[PDB]
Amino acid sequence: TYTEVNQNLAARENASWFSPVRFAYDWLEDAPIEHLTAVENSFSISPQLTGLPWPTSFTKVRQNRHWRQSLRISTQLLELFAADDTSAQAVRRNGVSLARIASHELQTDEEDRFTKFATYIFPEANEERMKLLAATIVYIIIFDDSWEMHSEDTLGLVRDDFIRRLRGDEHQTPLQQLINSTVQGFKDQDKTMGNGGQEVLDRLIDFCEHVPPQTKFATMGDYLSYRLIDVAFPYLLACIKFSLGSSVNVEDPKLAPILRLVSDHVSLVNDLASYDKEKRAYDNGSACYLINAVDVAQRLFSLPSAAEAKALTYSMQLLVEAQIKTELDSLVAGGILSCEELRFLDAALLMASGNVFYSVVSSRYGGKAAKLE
């Protein structure tokens, strides 16, 4: 039902900022899981108290309050990209231009655009910092796979200009003007509180430059370390820190085990949710490859179908969830975590849980077939 889920999801006092749920995609629908048991600026959300599918042991999920005050910068960058004339000639290796990628995302409604991920995975950002984060989501959308293009290709010149614009290294088009404003916005927020603003741009530069390794893996860890690069996990962590105005050193070796587990969790959950979408892209030739943890597990262990592969990949997710809670409890018991460090770890798990909630209630992975009512 559409009504029951959306009433019991959040408290009715926050029903003004609550974003309604229109889909309920269950990516474990055909998997044999009968032997797998699951057990300010933000307000709590309770999926386990609704009929929604919830393939995780996590319990804390939150939604950004002023999420509606940020679709403006998301819509702005998209229409500015699709209208830019240089972005119409900046083509990827498959010939599709940046302008069409922006117009393609402008077709899906503002409710379920890719910037809605930030609403659930960066829930702690205030009204101003979420605007800058939602803008960087569009930068990821646009400049994905832009490292494949050569330096002198027009996409390589556009991407290299975007990188120069992010360092703060002459008429400027309106799109360059808005990109300038975003870069300046992060510097302004860093002056106020925390130093994660430059890190987000820095790891965004690292995303446009670092080429991922080749595409077949002898172990699952070989895949997940490549997938840590693919999902832009260092960038993702920098937004978590920037969302709280934090100054934590994300690269602290004390946090390296639990943060690598968070990337493993985010990588497996996303690959589980998007397998059916990604499988069809290889079936009808829409994509040349098939990179996914479900397919990797099916091959590495000779499972006869993707249904059994989803069951084992889901088993690994619940294993990582257990290690995450074990590692976090050990860090808390040892007293070696500062209050700003545990607040960042709490928000990192809100990214892992919010990654599951959106992947269930989005149209990106369930299509129209999972529509409620």
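In this text, residue numbers run from 1 along the sequence as written.
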Residues without coordinates, deposited sequence, stretch from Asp169 to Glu170: is the count none, 1 to 3, 4 to 9, or 10 or more? 4 to 9
According to the entry, how many residues of the deposited sequence fall between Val39 and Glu40 and are not modelled? Options: none, 1 to 3, 4 to 9, 10 or more. 10 or more
Greater mean Cα temperature factor according to the PDB record, 291-299 or 68-76: 68-76
Mean Cα B-factor comparison, 263-271 or 124-132, giving the higher one as deposited: 124-132
In terms of CA temperature factor as recorded, identify the highest of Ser243, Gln89, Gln189, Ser225. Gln89
Quick one: which of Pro213, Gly194, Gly221, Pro253 has the biggest Cα B-factor according to the entry? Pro213
According to the PDB entry, is the CA B factor of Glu29 in the bottom, middle or top third of its chain, that is, lowest, middle or highest? highest
Would the CA B-factor of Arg165 place it in the lowest, middle or highest third of its chain? middle
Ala333 by Cα B-factor - lowest, middle or highest third of the modelled chain: middle
Test of reading the entry: by CA B factor among the chain's modelled residues, which third contains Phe117? middle
Using the B-factor values recorded in the entry, state whether the Cα atom of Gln184 falls in the lowest, middle or highest third among the modelled residues of its chain. middle
